[PDB]
Amino acid sequence: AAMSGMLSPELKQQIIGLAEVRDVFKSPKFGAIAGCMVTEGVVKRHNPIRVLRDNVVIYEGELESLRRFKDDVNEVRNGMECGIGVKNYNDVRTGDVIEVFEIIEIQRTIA
RNA sequence: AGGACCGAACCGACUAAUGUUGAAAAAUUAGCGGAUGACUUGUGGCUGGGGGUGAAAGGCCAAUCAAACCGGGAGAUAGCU
RNA sequence: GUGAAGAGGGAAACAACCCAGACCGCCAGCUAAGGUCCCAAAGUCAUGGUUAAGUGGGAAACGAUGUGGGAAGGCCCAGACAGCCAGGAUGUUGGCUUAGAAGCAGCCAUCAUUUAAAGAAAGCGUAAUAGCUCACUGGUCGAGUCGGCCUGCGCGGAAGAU
RNA sequence: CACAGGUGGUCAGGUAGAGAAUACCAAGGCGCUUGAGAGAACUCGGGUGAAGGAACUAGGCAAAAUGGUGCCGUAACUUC
RNA sequence: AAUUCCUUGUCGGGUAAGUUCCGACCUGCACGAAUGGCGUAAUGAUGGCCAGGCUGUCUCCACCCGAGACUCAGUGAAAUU
RNA sequence: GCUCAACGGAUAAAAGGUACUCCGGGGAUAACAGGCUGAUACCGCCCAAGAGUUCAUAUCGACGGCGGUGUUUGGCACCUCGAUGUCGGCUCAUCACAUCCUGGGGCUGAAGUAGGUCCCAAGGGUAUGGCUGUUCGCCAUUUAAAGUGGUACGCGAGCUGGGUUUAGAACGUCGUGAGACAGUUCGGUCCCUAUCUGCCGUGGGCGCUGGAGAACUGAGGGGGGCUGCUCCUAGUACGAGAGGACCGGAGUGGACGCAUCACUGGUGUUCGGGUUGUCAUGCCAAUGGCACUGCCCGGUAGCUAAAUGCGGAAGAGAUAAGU
RNA sequence: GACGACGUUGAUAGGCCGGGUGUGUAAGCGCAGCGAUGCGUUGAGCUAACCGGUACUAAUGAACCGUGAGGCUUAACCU
RNA sequence: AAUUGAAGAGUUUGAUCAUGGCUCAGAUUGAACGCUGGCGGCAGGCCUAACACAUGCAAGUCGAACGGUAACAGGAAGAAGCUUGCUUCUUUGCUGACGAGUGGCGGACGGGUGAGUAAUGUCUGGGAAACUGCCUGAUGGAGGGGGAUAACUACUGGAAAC
RNA sequence: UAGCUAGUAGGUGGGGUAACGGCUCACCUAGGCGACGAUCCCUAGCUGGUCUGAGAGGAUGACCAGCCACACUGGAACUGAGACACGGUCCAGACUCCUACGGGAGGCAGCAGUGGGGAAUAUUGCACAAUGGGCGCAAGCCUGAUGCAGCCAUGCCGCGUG
RNA sequence: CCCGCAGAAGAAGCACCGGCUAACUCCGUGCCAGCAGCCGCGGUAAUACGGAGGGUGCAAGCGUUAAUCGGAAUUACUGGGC
RNA sequence: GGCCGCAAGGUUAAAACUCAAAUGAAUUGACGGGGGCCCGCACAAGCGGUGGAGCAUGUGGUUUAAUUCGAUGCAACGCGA
RNA sequence: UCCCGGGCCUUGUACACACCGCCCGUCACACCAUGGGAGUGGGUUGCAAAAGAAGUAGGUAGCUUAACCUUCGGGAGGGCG
RNA sequence: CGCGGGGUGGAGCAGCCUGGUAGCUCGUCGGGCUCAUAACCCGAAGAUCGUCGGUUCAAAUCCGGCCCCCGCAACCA
RNA sequence: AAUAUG
């Protein structure tokens, strides 16, 4: 039992939401704000994201600020206009899609 | 000695309940603050409306005030009900 | 086009839907839409069929020997289809990047003998032999049998709060 | 309004008490202009309470509790 | 932080358990030196947090004493329609 | 001779705040809520590559599809702006079943115990705290289980006013400023005596066919329907072992409901006693008034819980899913 | 309102008599002490609504409302 | 005849002399560890946990204080299996002794420990206000009576202790 | 650590101890101790000696012997000449054992020995033959005091390994 | 304690050797691996490491470590400075 | 930590740890943008050049299959050659 | 007199791998011990209260009691509480 | 359509209303100073003066367009 | 006032 607990396995990396960004905006703090439109799922704040262009991943990271208008809501559903920005991401281009995914741990047993 | 301390009258009105066509168009009950001071109160006077006064809230100026009341312009105007 | 500015009849109720434009009066008749078992005025009318779900009387993808009708086809008294009595093999335990494989998640072709017929292949599935059953085939029984197409009406899918 | 409100000054008894507090009384003035019964709900204003003692709640709100004189004693901190 | 959006930041103390609180870090969205900065004894019907005591605030409400309600007699409203 | 560009040109010549506000109107037009719709959401299903040591469908499920429910996030502005008080809590519920537990059953990659998933089932039950105004959520510790929803995101002519759209003030930020923020921070009046409908109770009138007093048959309607742990069977079945039953029977609890005061207690200002201050009955003694019953100590009945008795069932009939 | 008991051929209520329960050694008097105070008399006095008895007082004889043989038709019995 | 004995070196600087610290040669220990290891004598041997303990033993002894037979060692008496010289088994405290009990004296010595205690302590040097078993010296009493008790019997409370 | 002391300092009277005394009370007086270190804090048994040193000193207090204190922790009394009692009594605390669950029993800082500490220190031995105690007239009994042996090179000293 | 029996038979290790400090060369390693009390050795001739030969000290003991004094006239009264 | 002070600070006064020296003075030599004295195309006073121009030669650099190796401030660069 | 190189004497010095020397501190990196540090968690101990086993000492109505006194009925004294 | 100030060499300027070979700084590449480097000193490279039309003897400087940068603007998930 | 530094 002591051994089984020791294990730390998370077996799920399922996407929480997938969104495409369009019409980039400029921000002083993060350097960029990429306007987005969520096509599927729900976008969340602290959940990690995977930025990819043409099926290959241009950049990776975890969201710092999710803001729509001046509301700055922590959650955005699908087919609702949304806004996004992140630190350490220099180049925003249209046509790419950002994939957000939640992280969960399955847990482990000994045998 | 003291805009000192506790505490009646006196002045002030923080909390709670009652009252909410009430007894009262802001009070009663049980608590509470100051209470020799920037204190309080009588009587009379002065400051008059785009003006007054204001330890300043746009409060107060006769049960009212982001401009009193009364009369007149006046049957203002109202593309509105 | 109707209402708005049109009442009336029907659609249970329901301006705008259907039928139809109210001059007034009558205790007449024939009709429109819509109906004809009763509530509620008129067929429990007549004739040929469908459904058995209360479908009708809300709801799809999709599923199913529900049932009605129709045009063709495969197999079959040299014995079909479904039962029952049997056989179920040899190259071959098949070479094999193989610990072990002798059919199987693996390997590859998928060829080749004996035979009425039996696949280097169908499986619940072993420590490996297997134990067992099936495709295929013999005997028994003796007349229909198998499942695609077109189409009527039904079935499940079908769970909401007074 | 015959209104639980407001309204300046003067007079200041006995006992207990520091006291014009407060209680009980003297002098004096009052029982407040609807009463009678019933003794349920429930509300208003009060008293008491087993055990637990803030678990209530936005919040110790409200209640409860502390409550006087003399002596002893009295911390952090300080502009002493 | 009366200032901090993300946010209940992260760390430590308190609690069985603390989005508040107390003490730090500093990534100060958006403190900053008389539109004053940071301390500060005393003081406050001041804001937030904690302990003791204390108790019908509560678990969970019971009884009792008054004034209404209730009945009878007299007088006799109201908003509304 | 006019970018009178707002271009059929109101002046030659004009920008703002109002939460200190005010007037006239509007559901012609927003916010709360209803309604329509169902994209979105939630839920169920169709195809099944693949995962599952083999094996699609024990349990999951790519790539895509088709519905349901009216339930979140939205759309529209149809009801109400000569007024429908908005978040939550408290109190009080009621219904739906896509069932959290208990009851029944299939499959299981179901040994047993304990689970997974799906069907049938709404009778009953379905936690108290810490922090935050919060619902929610996180955390602590319980419980057989701490269901998911409707009901104007139930419920203010019932309560709360902490959140949040007033009037004070301040910080941060924005503007030159008045001020502003869907950014915080402190403080900040919750009216209404019930005609009708409804319900909880309790009466009067009349009828039921001559009138009257009793006892009933029971159409119909309501209440109740919860469950742990322990022991025996049995340390038996099962299982390598650890561990550990079904079926059936016997005890004792938690919550809830009804009754009751006999006990154990509370109350007990109508009973007795102690005692502070004062006045009075001439005074002493002994009593009485008043001061929250003056303050206290005990306590008769009655009422009542924390107190002690009992209940939920068994059995019968027809069935759901299943066999 | 109703509902239950009883109204003199009477225990309905109040009182009364006894008992219980409650409080817990009254008042008076005597004794001891200077006095407060104690002690004996004495578990005394007093005691609501409770328990068991008792007509002592009050529930008097009457009126009021309510009636006087109870429809028609048919069937089965009976003169 | 008897507390008759005194060592230095290395290192600061390019080198030198002072000042000055550090380091080493000596002896010693209630020692340990590392490696090795023949015998003997004497002495030493939980310095930390004053941390806690199994088991045996570490204080008993007097019959010459006293009532006593509970043990086995005799002697005595009796009854028997018999070998004619003995054993065997019940009586008797007659005795060598002695369980338990009353009494006397010792359990205040011996042994252990170094927790406390910076002075009711210790060491040293004085003092006066005391007692002191057993052991000694000195001068006299040891007269005469009474009422209890353990042990042991009769019961009874205990699981054991009592 | 510069101020510390109410029985505190002294007296009188009473009680108290075997004995002087604030030893312990009543009353009276305001003194007592302290810079020559009171009080408080930290550490520690002291001494003959041990070790070192030429000496003076320094460090040290095993074994041996004297004195003191302590006996699981805390507190108190009894018996007795002597104990405010190591293996005695009671009470309380912690701990362990026995139990019929009502209640009892136990204290290695004695000798051996074990757990545990730590770098590390011992045989659950033999004998009362001796020496010194206890009791007794004595025999004699008891004596983990003592005398001996075992163990380890721990130290000192002698000898061998030619 | 004494007598007899058999036979060199049964019995020597440890530190250290750069100076202090008695006692040296070679080989290997090459600021590597290690030594060390102090000052210091080793980066390709190491008497300083490791091994070997030789040697010195000491002996059932030998070293290291810890402990106290001495040296330390460096708490100095004896017996020092400013 | 105590005392003193309005403050700044004073006063009394450690330990852990770390280094193997620190310091004093003196000597020789070097150096000084220390002083004196003194010499040399060292400067001054002159004359003619280099650095530019074209070429030669040596070097570095670059490049290359090799551009052999060595010389590098004066004291290497028509150097060894 | 000035620049460069050199000699002699004298002077200063923290240079003696000899001024191309030596050498200070912030800051950045790593390690070590230590101070302050909201408080937490122990030891020991002062002061002011609570508590009162066992035992001893005092005071005792009650219960009980072989030795001694007696008028034989009980005392004196003891113990238990 | 909407304000400011500027365009010169690699970068930033001066030369402007005062119209005749465009000079002044940092960089660039050399040289000098030093034992050497930093620093400093002597020097050379380096241009349609934004781009055009106007205008003039010759316009860098003269006007207006095209155009660009900055300024505040005004935007600012 | 001419210069660090190595």
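Being over 21 Å from A:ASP91 (Cα atoms) and more than 14 Å from the chain's Cα centre (by Cα) is the filter; apply it to segment A:39-74 and report the residue that is farthest from RNA strand M (Cβ to nearest atom).
A:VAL73
When you check A:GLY35 against the structure, is it small (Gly, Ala, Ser), surrounded by 11 or more Cβ atoms within 10 Å (Cβ to Cβ), in contact with a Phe, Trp or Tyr (Cβ under 9 Å, 6 or more places away or on another chain) and not in a strand (DSSP E or B), yes or no? Please lay out each step first, then the result.
On the way: small (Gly, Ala, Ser): yes; surrounded by 11 or more Cβ atoms within 10 Å (Cβ to Cβ): yes; in contact with a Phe, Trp or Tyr (Cβ under 9 Å, 6 or more places away or on another chain): yes; not in a strand (DSSP E or B): no.
So A:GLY35 fails the test.
Quick one: in segment A:43-81, which of the residues that are of a type in the set (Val, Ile, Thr) and surrounded by 16 or more Cβ atoms within 10 Å (Cβ to Cβ) is nearest to A:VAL100 (Cα to Cα)? I'd like the intermediate steps shown before the answer.
Let us first name the residues in segment A:43-81 that are of a type in the set (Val, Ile, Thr), namely A:43, A:49, A:51, A:56-58, A:73, A:76.
With surrounded by 16 or more Cβ atoms within 10 Å (Cβ to Cβ) added as a condition, the list becomes A:43, A:49, A:51, A:76.
Values: A:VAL43: 7, A:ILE49: 4, A:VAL51: 8, A:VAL76: 12 Å.
Going through the qualifying residues, I end up with A:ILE49.
Among the residues of segment A:80-92, is there at least one that is within 11 Å of the chain's Cα centre (by Cα) and in a strand (DSSP E or B)? Before the answer, list the steps.
So in segment A:80-92, the residues within 11 Å of the chain's Cα centre (by Cα) come out as A:84-86.
In the following step, the residues that additionally are in a strand (DSSP E or B) were identified as A:84-85.
Within segment A:80-92, one or more residues are within 11 Å of the chain's Cα centre (by Cα) and in a strand (DSSP E or B).
Within segment A:60-69, is even one residue of a type in the set (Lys, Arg) and away from RNA strand F (no atom under 14 Å from the Cβ)? Even if it seems obvious, please write down each step before you answer.
Kept after step one, since they are of a type in the set (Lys, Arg), are these residues of segment A:60-69: A:67-68.
If we keep only those that are away from RNA strand F (no atom under 14 Å from the Cβ) too, we end up with none.
No, segment A:60-69 has no match at all.
We did not get these values from a lab; they are worked out from the coordinates using the rules stated. Neighbour counts run over all protein chains shown; Cβ positions are idealised from the backbone, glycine included.
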